[PDB]
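Beneath this line is the structure, given in structure tokens, with notes to follow.
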Amino acid sequence: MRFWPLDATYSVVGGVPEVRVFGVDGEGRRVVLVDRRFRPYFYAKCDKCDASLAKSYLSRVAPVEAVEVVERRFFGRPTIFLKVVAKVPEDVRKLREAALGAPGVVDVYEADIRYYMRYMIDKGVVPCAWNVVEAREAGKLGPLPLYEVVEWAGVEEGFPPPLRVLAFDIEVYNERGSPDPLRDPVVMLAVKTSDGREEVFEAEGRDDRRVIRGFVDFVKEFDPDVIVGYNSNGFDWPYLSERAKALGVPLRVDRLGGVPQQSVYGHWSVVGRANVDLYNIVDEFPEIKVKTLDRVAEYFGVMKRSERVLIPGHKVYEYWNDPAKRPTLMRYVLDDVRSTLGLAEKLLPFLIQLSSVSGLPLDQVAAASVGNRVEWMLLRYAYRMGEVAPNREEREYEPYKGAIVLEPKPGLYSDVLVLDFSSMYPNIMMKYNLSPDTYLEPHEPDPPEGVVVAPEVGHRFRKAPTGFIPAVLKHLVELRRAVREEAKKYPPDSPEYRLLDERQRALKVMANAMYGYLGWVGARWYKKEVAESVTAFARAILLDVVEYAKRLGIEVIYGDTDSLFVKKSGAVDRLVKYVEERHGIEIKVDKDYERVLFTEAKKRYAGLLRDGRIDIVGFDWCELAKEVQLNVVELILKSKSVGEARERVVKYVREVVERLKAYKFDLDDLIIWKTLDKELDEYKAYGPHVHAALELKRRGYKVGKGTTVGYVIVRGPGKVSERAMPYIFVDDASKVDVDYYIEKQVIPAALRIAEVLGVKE
Ligand SMILES: [Mg+2]
Ligand SMILES: [Mg+2]
Ligand SMILES: [Mg+2]
């Protein structure tokens, strides 16, 4: 049979661990494959190898299935290990620490690999890809047909089957700032489906049993394969989980009548289906700068923010207790879920391919960090190459380290092309065979095959037998090259072409992510001399391409390790064709900006695309200050010449102050948020953040953790910052300290783009 895995789990059925894999067989029905014979294990690097002595020693701390002697590679060198095999995954920590002792071994490896990932790696199970399985049909498991796996074969090239996708959105009462699931009810919950269905379950005035019951019944009725939400792992699932407990209605949404569990990376597992949180993947997009559902929806063109209902999120209770405002609160919820499913149609095909690459399941591929995603790929490659994985220190991850090469001049630039140099790093590492296992140390016999010296960092690498990291990149390049030519078979506007284009890009992203991973100090295959050698090779040929660009009529405004910005001309085509012929690197125009504004001498800029979209790169205001930080950027980017830019900006910054002193503001725009992450009076701040969180003790009841305050400065005699009234206590007055909001933010927000203008009235 052909299987296509969606989700993987495991249980411990009476002292024997059992792996389950849920998927979609070749005949298009949802089944579950099971394996009871696999068992967890880890390696122990022995100086003297005695498995029987080892086994009996380890048997005192936990039960041991076996202790085998294996020969595997370690940084290329073939060494001997003890393969300690536990009976159940839970005992692996006890055996890991105990092993260390009784010097047979010196170190332990691969003891922290989660069990169901261990199984798929060792058996070659690739998620979101058709696998070949010999499997006996052995009755049902719940409603699902169960199959005992005999042996896994490989994977077959083949397109994804149709999946039942369910988008869902919620809104919670929240009359008091950040809601609490113990009493605050789930007011509305919409669902939208790939079939075309939409429904909204609304509560009865402060009672939300009907809606949780309706949500659960709908999920069971529709039986979705993927559940998509926006920040569903962050808020929705944790709230519904704890709300369903308080009301005593079970949140049984998974395929075995079970409730969601919070799991790795903070993602929420729904057994037998893929719970995808789109906010996990959009956080990685550096262009968006704000990343709310409505604004991300506009960037990807699924819903125009100006053609859409928008409620100030902090006031869903107000629209709920008002029958005039309830029908518009509904359309707000519908526009949310329609955008959520809209985003999914654009992003989910990519995530499915990024899951079959790298090898993480669909519910985890986006939740994991880029380096975490790459490391699970290298573990899969390390297995089929017979290589034992090194050990880790911690996870912090650091996205990609943009080392500046050509510092820009802060100012305005028109007609700018951004050239992508990300494919440079695999080329460098393959062509020069850079890898932890190929680096040379105070032993310097140059092997007969030869050596390559990194430009004046002076590190030496073997040309020899290809290293581990180059071998992986070589395979990724080959896979993509094969997929990319198969796309020529189909016409560019076909479903079959777009699917292949997503798979092609997914391979590219994982290949180009290597460079960021190998610099991450908390990486398994981290070696400082590799990263430094990759940069030095990278810096050397960038200076070549900037010098050759000058031989053409091409101005270079900015250039760092991963990209350089150039002025749009006909000559660019020769610069790109030069880098291919000279360096063997494929360069592509990443962005075509009509105008660009560099505020500082770093990669801090805003850019105006030809279609009109602005995107902003690089880094406690009110929402009016945010509005005027935009507009100002949009006014500068749409003005020709710098002189026009001031007169446009200063007129706008004055007109806002004019209406602000004329008392025509909406109060919502004046609220200043702060989220209160820890204890009150622990870091004794003294600011308006704490003082506003003090006036809530007359009548008010809250101080606790996880609660956003929202304050407005009001006129009156007092200390600096100590006039912060909460926004519910301005009793229809609209007498606000305007001198505060003009002087220390509305002007400074515009002055954060003051590359030409000072404080003016
Ligand atoms: Mg939501
Ligand atoms: Mg899962
Ligand atoms: Mg809310």
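Labeling convention for the structure tokens: chains A, B, ... as they appear, residues from 1 per chain, ligands from 1 in order of appearance.
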Legend entry - Env. residues ligand 1 / 6 Å / only C-alpha atoms and all ligand atoms / as a VMD selection string: chain A and resid 169 to 170 230
Would you put the residues from that selection into a file with N, CA and C atoms, as an mmCIF file, in the first residue's frame?
```cif
data_model
loop_
_atom_site.group_PDB
_atom_site.id
_atom_site.type_symbol
_atom_site.label_atom_id
_atom_site.label_comp_id
_atom_site.auth_asym_id
_atom_site.auth_seq_id
_atom_site.Cartn_x
_atom_site.Cartn_y
_atom_site.Cartn_z
ATOM 1 N N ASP A 169 -11.701 30.262 14.165
ATOM 2 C CA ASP A 169 -11.351 31.478 14.882
ATOM 3 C C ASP A 169 -12.281 31.614 16.077
ATOM 4 N N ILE A 170 -11.783 32.239 17.145
ATOM 5 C CA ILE A 170 -12.575 32.461 18.346
ATOM 6 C C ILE A 170 -12.452 33.914 18.779
ATOM 7 N N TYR A 230 -4.957 31.042 13.415
ATOM 8 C CA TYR A 230 -3.971 32.107 13.544
ATOM 9 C C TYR A 230 -3.712 32.339 15.026
#
```
Inset, instruction - Show me which residues sit within 8 Å of ligand 3 when counting only C-alpha atoms and all ligand atoms, and put them as a list in words. - result: residues 171, 172, 173, 174, 178, 313, 314 and 316 of chain A
Legend entry - Non-local contacts of stretch 548-561 of chain A (8 Å; only C-alpha atoms; under 5 positions in same chain excluded) as a ChimeraX atom specification: /A:402-409,421,535,538-539,542,566-569,571-572,575
Going by DSSP on the backbone, which residues of stretch 73-179 of chain A come out as helix (DSSP H, G or I)? List them as a compact mmCIF listing (two decimals) with N, CA, C and O atoms, in the first residue's frame.
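Okay, this is what ended up in out_26.txt:
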```
# COMPACT_ATOMS: atom_id res chain seq x y z
N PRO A 89 10.60 4.27 26.24
CA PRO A 89 11.32 5.56 26.11
C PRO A 89 11.53 6.30 27.42
O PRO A 89 12.51 7.05 27.54
N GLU A 90 10.63 6.14 28.39
CA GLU A 90 10.72 6.91 29.63
C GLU A 90 12.02 6.62 30.38
O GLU A 90 12.55 7.51 31.05
N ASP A 91 12.54 5.39 30.29
CA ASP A 91 13.72 5.01 31.05
C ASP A 91 15.03 5.48 30.42
O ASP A 91 16.10 5.22 31.00
N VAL A 92 14.99 6.15 29.27
CA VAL A 92 16.22 6.48 28.56
C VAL A 92 17.07 7.48 29.33
O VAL A 92 18.31 7.41 29.28
N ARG A 93 16.46 8.40 30.08
CA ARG A 93 17.24 9.35 30.87
C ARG A 93 17.98 8.65 32.00
O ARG A 93 19.17 8.89 32.23
N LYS A 94 17.28 7.78 32.74
CA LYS A 94 17.91 7.02 33.81
C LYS A 94 19.09 6.22 33.28
O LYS A 94 20.15 6.16 33.92
N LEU A 95 18.93 5.59 32.12
CA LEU A 95 20.01 4.79 31.56
C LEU A 95 21.13 5.67 31.00
O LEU A 95 22.31 5.31 31.10
N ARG A 96 20.78 6.82 30.42
CA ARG A 96 21.79 7.74 29.92
C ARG A 96 22.75 8.17 31.02
O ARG A 96 23.97 8.05 30.88
N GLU A 97 22.21 8.68 32.13
CA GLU A 97 23.06 9.16 33.21
C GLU A 97 23.83 8.02 33.87
O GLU A 97 25.02 8.15 34.16
N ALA A 98 23.15 6.89 34.11
CA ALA A 98 23.82 5.74 34.71
C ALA A 98 24.92 5.20 33.82
O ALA A 98 25.96 4.74 34.31
N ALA A 99 24.70 5.21 32.49
CA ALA A 99 25.67 4.64 31.56
C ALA A 99 27.05 5.25 31.74
O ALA A 99 28.06 4.55 31.65
N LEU A 100 27.03 6.57 31.77
CA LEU A 100 28.21 7.34 31.85
C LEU A 100 29.21 6.66 32.72
O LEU A 100 30.37 6.59 32.37
N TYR A 115 10.92 9.70 20.67
CA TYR A 115 10.78 8.32 20.22
C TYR A 115 10.16 8.21 18.83
O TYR A 115 10.69 7.51 17.97
N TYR A 116 9.04 8.90 18.59
CA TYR A 116 8.38 8.73 17.30
C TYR A 116 9.15 9.39 16.15
O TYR A 116 8.93 9.02 14.99
N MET A 117 10.04 10.34 16.44
CA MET A 117 10.96 10.82 15.42
C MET A 117 12.08 9.81 15.18
O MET A 117 12.53 9.64 14.04
N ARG A 118 12.55 9.15 16.24
CA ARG A 118 13.52 8.07 16.10
C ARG A 118 13.00 6.99 15.15
O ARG A 118 13.74 6.50 14.29
N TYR A 119 11.73 6.61 15.31
CA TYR A 119 11.16 5.56 14.47
C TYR A 119 11.14 5.97 13.00
O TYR A 119 11.57 5.20 12.13
N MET A 120 10.63 7.17 12.70
CA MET A 120 10.50 7.58 11.31
C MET A 120 11.87 7.76 10.65
O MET A 120 12.03 7.47 9.46
N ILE A 121 12.85 8.25 11.41
CA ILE A 121 14.21 8.36 10.88
C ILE A 121 14.77 6.98 10.54
O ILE A 121 15.27 6.75 9.44
N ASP A 122 14.69 6.05 11.50
CA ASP A 122 15.32 4.74 11.31
C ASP A 122 14.61 3.93 10.23
O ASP A 122 15.26 3.22 9.45
N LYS A 123 13.29 4.01 10.16
CA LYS A 123 12.52 3.26 9.18
C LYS A 123 12.33 4.00 7.87
O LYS A 123 11.78 3.44 6.92
```
Legend entry - Cut-off 10 Å, only C-alpha atoms and all ligand atoms, neighbours of ligand 2 as a list in words: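 I would give the residues around ligand 2 as residues 6, 7, 8, 9, 10, 21, 22, 116, 260, 261, 262, 263, 264, 267, 268, 269, 270, 271, 272, 273, 274, 275, 360, 361, 362, 363 and 364 of chain A.
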Inset, instruction - For residue A:532, please output as a PyMOL selection string all residues within 10 Å (counting only C-alpha atoms; exclusion window: fewer than 2 positions along the same chain). - result: chain A and resi 454+457-459+518-519+527-530+534-538
Residues flagged strand (DSSP E) by DSSP in stretch 576-652 of chain A, as an mmCIF file with N, CA and C atoms, in the first residue's frame:
```cif
data_model
loop_
_atom_site.group_PDB
_atom_site.id
_atom_site.type_symbol
_atom_site.label_atom_id
_atom_site.label_comp_id
_atom_site.auth_asym_id
_atom_site.auth_seq_id
_atom_site.Cartn_x
_atom_site.Cartn_y
_atom_site.Cartn_z
ATOM 1 N N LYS A 588 19.043 35.845 -8.260
ATOM 2 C CA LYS A 588 17.696 36.217 -8.670
ATOM 3 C C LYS A 588 17.291 37.507 -7.974
ATOM 4 N N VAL A 589 16.521 38.323 -8.690
ATOM 5 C CA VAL A 589 16.001 39.567 -8.135
ATOM 6 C C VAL A 589 14.964 39.231 -7.073
ATOM 7 N N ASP A 590 15.263 39.580 -5.821
ATOM 8 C CA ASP A 590 14.348 39.282 -4.729
ATOM 9 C C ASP A 590 13.222 40.307 -4.652
ATOM 10 N N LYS A 591 13.559 41.595 -4.702
ATOM 11 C CA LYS A 591 12.568 42.656 -4.600
ATOM 12 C C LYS A 591 12.857 43.735 -5.632
ATOM 13 N N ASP A 592 11.793 44.285 -6.214
ATOM 14 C CA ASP A 592 11.876 45.430 -7.119
ATOM 15 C C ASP A 592 11.154 46.587 -6.436
ATOM 16 N N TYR A 593 11.920 47.473 -5.806
ATOM 17 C CA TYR A 593 11.359 48.594 -5.066
ATOM 18 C C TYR A 593 11.275 49.833 -5.950
ATOM 19 N N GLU A 594 10.128 50.513 -5.900
ATOM 20 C CA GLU A 594 10.014 51.815 -6.547
ATOM 21 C C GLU A 594 10.842 52.862 -5.812
ATOM 22 N N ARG A 595 10.864 52.797 -4.482
ATOM 23 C CA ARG A 595 11.655 53.706 -3.667
ATOM 24 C C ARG A 595 12.017 53.011 -2.362
ATOM 25 N N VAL A 596 13.153 53.407 -1.791
ATOM 26 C CA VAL A 596 13.697 52.795 -0.580
ATOM 27 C C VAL A 596 14.206 53.900 0.333
ATOM 28 N N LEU A 597 13.994 53.729 1.635
ATOM 29 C CA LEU A 597 14.425 54.689 2.645
ATOM 30 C C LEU A 597 15.284 53.975 3.682
ATOM 31 N N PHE A 598 16.581 54.279 3.690
ATOM 32 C CA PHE A 598 17.479 53.828 4.745
ATOM 33 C C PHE A 598 17.523 54.890 5.837
ATOM 34 N N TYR A 605 15.394 49.578 6.884
ATOM 35 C CA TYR A 605 14.864 50.309 5.747
ATOM 36 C C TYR A 605 13.391 49.988 5.559
ATOM 37 N N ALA A 606 12.721 50.870 4.825
ATOM 38 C CA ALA A 606 11.388 50.629 4.301
ATOM 39 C C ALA A 606 11.442 50.692 2.781
ATOM 40 N N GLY A 607 10.568 49.931 2.133
ATOM 41 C CA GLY A 607 10.590 49.857 0.686
ATOM 42 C C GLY A 607 9.213 49.794 0.063
ATOM 43 N N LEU A 608 9.042 50.472 -1.069
ATOM 44 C CA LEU A 608 7.760 50.569 -1.759
ATOM 45 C C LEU A 608 7.813 49.678 -2.993
ATOM 46 N N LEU A 609 7.005 48.622 -2.995
ATOM 47 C CA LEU A 609 6.954 47.704 -4.120
ATOM 48 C C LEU A 609 6.115 48.288 -5.254
ATOM 49 N N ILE A 614 4.049 48.446 0.972
ATOM 50 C CA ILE A 614 5.245 48.803 1.726
ATOM 51 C C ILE A 614 5.625 47.622 2.611
ATOM 52 N N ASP A 615 6.922 47.334 2.702
ATOM 53 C CA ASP A 615 7.429 46.406 3.701
ATOM 54 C C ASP A 615 8.597 47.041 4.440
ATOM 55 N N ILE A 616 8.739 46.666 5.708
ATOM 56 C CA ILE A 616 9.629 47.350 6.638
ATOM 57 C C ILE A 616 10.534 46.312 7.282
ATOM 58 N N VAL A 617 11.841 46.555 7.237
ATOM 59 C CA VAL A 617 12.841 45.615 7.728
ATOM 60 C C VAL A 617 13.653 46.306 8.812
#
```
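Taking atom CA of residue A:517 as the reference point, atom CA of residue A:435 is found at 12.4 Å.
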Inset, instruction - Would you kindly return, as an MDAnalysis selection string, each protein, DNA or RNA residue with an atom no farther than 9 Å from any atom of stretch 49-53 of chain A, considering only C-alpha atoms and excluding same-chain residues fewer than 2 positions away? - result: chainID A and resid 45:47 55:58 66:69 80:84 104:105
Writing out the chosen residues with N, CA and C atoms as an mmCIF file, in the first residue's frame:
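What landed in out.cif:
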```cif
data_model
loop_
_atom_site.group_PDB
_atom_site.id
_atom_site.type_symbol
_atom_site.label_atom_id
_atom_site.label_comp_id
_atom_site.auth_asym_id
_atom_site.auth_seq_id
_atom_site.Cartn_x
_atom_site.Cartn_y
_atom_site.Cartn_z
ATOM 1 N N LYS A 45 29.973 5.481 23.644
ATOM 2 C CA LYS A 45 31.279 5.339 23.005
ATOM 3 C C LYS A 45 32.247 4.688 23.988
ATOM 4 N N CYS A 46 32.655 3.460 23.682
ATOM 5 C CA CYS A 46 33.451 2.636 24.581
ATOM 6 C C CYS A 46 34.936 2.713 24.257
ATOM 7 N N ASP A 47 35.755 2.776 25.304
ATOM 8 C CA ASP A 47 37.182 2.523 25.159
ATOM 9 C C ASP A 47 37.503 1.030 25.224
ATOM 10 N N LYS A 55 25.435 -4.373 30.153
ATOM 11 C CA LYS A 55 24.013 -4.656 30.337
ATOM 12 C C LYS A 55 23.665 -4.875 31.805
ATOM 13 N N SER A 56 24.396 -5.769 32.476
ATOM 14 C CA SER A 56 24.099 -6.062 33.875
ATOM 15 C C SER A 56 24.268 -4.828 34.751
ATOM 16 N N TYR A 57 25.257 -3.985 34.444
ATOM 17 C CA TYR A 57 25.430 -2.746 35.196
ATOM 18 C C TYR A 57 24.232 -1.825 35.006
ATOM 19 N N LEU A 58 23.773 -1.672 33.762
ATOM 20 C CA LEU A 58 22.631 -0.809 33.490
ATOM 21 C C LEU A 58 21.316 -1.402 33.980
ATOM 22 N N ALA A 66 18.478 -4.954 25.444
ATOM 23 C CA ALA A 66 19.721 -5.544 24.962
ATOM 24 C C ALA A 66 20.805 -4.477 24.999
ATOM 25 N N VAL A 67 22.052 -4.928 24.881
ATOM 26 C CA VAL A 67 23.207 -4.056 24.691
ATOM 27 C C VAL A 67 24.034 -4.653 23.562
ATOM 28 N N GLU A 68 23.983 -4.029 22.392
ATOM 29 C CA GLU A 68 24.697 -4.512 21.220
ATOM 30 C C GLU A 68 25.982 -3.720 21.009
ATOM 31 N N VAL A 69 26.897 -4.318 20.251
ATOM 32 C CA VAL A 69 28.131 -3.668 19.827
ATOM 33 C C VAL A 69 27.977 -3.311 18.354
ATOM 34 N N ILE A 80 33.715 2.414 17.460
ATOM 35 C CA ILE A 80 32.863 1.386 18.047
ATOM 36 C C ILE A 80 31.987 2.021 19.117
ATOM 37 N N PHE A 81 30.730 1.582 19.192
ATOM 38 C CA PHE A 81 29.796 2.039 20.211
ATOM 39 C C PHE A 81 29.073 0.851 20.831
ATOM 40 N N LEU A 82 28.589 1.063 22.052
ATOM 41 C CA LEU A 82 27.578 0.202 22.648
ATOM 42 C C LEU A 82 26.205 0.790 22.347
ATOM 43 N N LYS A 83 25.334 -0.012 21.740
ATOM 44 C CA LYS A 83 23.966 0.409 21.444
ATOM 45 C C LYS A 83 23.065 -0.109 22.560
ATOM 46 N N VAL A 84 22.840 0.735 23.563
ATOM 47 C CA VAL A 84 21.997 0.374 24.697
ATOM 48 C C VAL A 84 20.540 0.542 24.290
ATOM 49 N N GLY A 104 33.878 2.125 30.665
ATOM 50 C CA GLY A 104 33.846 1.254 29.524
ATOM 51 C C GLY A 104 33.759 2.434 28.560
ATOM 52 N N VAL A 105 32.624 3.127 28.569
ATOM 53 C CA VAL A 105 32.420 4.286 27.785
ATOM 54 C C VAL A 105 32.874 5.556 28.439
#
```
Inset, instruction - Skip residue A:525 itself and residues of its chain fewer than 3 positions away, then list as a ChimeraX atom specification all residues within 9 Å of it, counting only C-alpha atoms. - result: /A:375,378,389-392,435-436,469,517-518,522
Inset, instruction - With a distance cut-off of 12 Å and only C-alpha atoms, select the neighbouring residues of residue A:696, excluding the residue or stretch itself and same-chain residues fewer than 6 positions from it, and output the selection as a ChimeraX atom specification. - result: /A:176-177,689-690,702-704,709-711,724-729
Quick one: write out the picked residues with N, CA and C atoms as a short mmCIF file (atom, residue, chain, number, x, y, z; two decimals), in the first residue's frame?
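As written to disk, selection_32.cif reads:
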```
data_model
loop_
_atom_site.label_atom_id
_atom_site.label_comp_id
_atom_site.auth_asym_id
_atom_site.auth_seq_id
_atom_site.Cartn_x
_atom_site.Cartn_y
_atom_site.Cartn_z
N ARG A 176 -12.62 42.42 31.39
CA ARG A 176 -11.42 42.79 32.13
C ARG A 176 -10.19 42.32 31.35
N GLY A 177 -9.50 43.28 30.71
CA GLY A 177 -8.30 43.07 29.92
C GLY A 177 -8.05 41.69 29.34
N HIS A 689 3.11 52.51 33.98
CA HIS A 689 2.70 51.12 33.85
C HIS A 689 2.25 50.56 35.20
N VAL A 690 2.97 50.89 36.27
CA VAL A 690 2.60 50.39 37.60
C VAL A 690 1.53 51.27 38.25
N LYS A 702 -7.74 43.08 40.19
CA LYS A 702 -6.69 42.34 39.48
C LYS A 702 -5.32 42.96 39.68
N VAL A 703 -4.30 42.10 39.76
CA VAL A 703 -2.89 42.47 39.86
C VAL A 703 -2.07 41.40 39.15
N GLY A 704 -2.65 40.20 39.04
CA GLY A 704 -1.95 38.98 38.69
C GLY A 704 -1.23 38.88 37.36
N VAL A 709 -2.73 46.11 30.73
CA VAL A 709 -3.35 47.17 31.51
C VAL A 709 -4.10 48.17 30.63
N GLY A 710 -3.40 48.83 29.71
CA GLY A 710 -4.03 49.82 28.86
C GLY A 710 -4.35 51.10 29.60
N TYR A 711 -3.50 52.12 29.48
CA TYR A 711 -3.67 53.35 30.23
C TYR A 711 -3.62 54.57 29.31
N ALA A 724 -1.53 58.27 34.70
CA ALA A 724 -2.00 57.24 33.78
C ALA A 724 -3.30 56.63 34.31
N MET A 725 -4.43 57.11 33.79
CA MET A 725 -5.74 56.57 34.11
C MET A 725 -6.08 55.41 33.17
N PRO A 726 -6.61 54.30 33.68
CA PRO A 726 -7.10 53.25 32.79
C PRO A 726 -8.24 53.75 31.92
N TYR A 727 -8.36 53.16 30.73
CA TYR A 727 -9.23 53.70 29.70
C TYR A 727 -10.71 53.52 29.98
N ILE A 728 -11.09 52.72 30.99
CA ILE A 728 -12.50 52.55 31.32
C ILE A 728 -12.97 53.58 32.33
N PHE A 729 -12.06 54.34 32.93
CA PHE A 729 -12.41 55.27 33.99
C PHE A 729 -12.49 56.71 33.52
#
```
Inset, instruction - Can you work out the spacing between atom CA of residue A:719 and atom CA of residue A:736 in Å, to one decimal? - result: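 Going from atom CA of residue A:719 over to atom CA of residue A:736, I get 16.3 Å.
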Inset, instruction - Calculate how many Å separate atom CA of residue A:671 from atom CA of residue A:722, rounding to one decimal. - result: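 The value is 15.1 Å.
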Inset, instruction - Choose the residue, out of A:209, A:603, A:753, A:670, that has the smallest atom-to-atom separation from residue A:737; count only C-alpha atoms. - result: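 Ranking A:209, A:603, A:753, A:670 by distance to residue A:737, first place goes to A:670.
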Legend entry - Of the listed residues A:562, A:377, A:257, A:756, that which approaches residue A:644 most closely, counting only C-alpha atoms: A:756
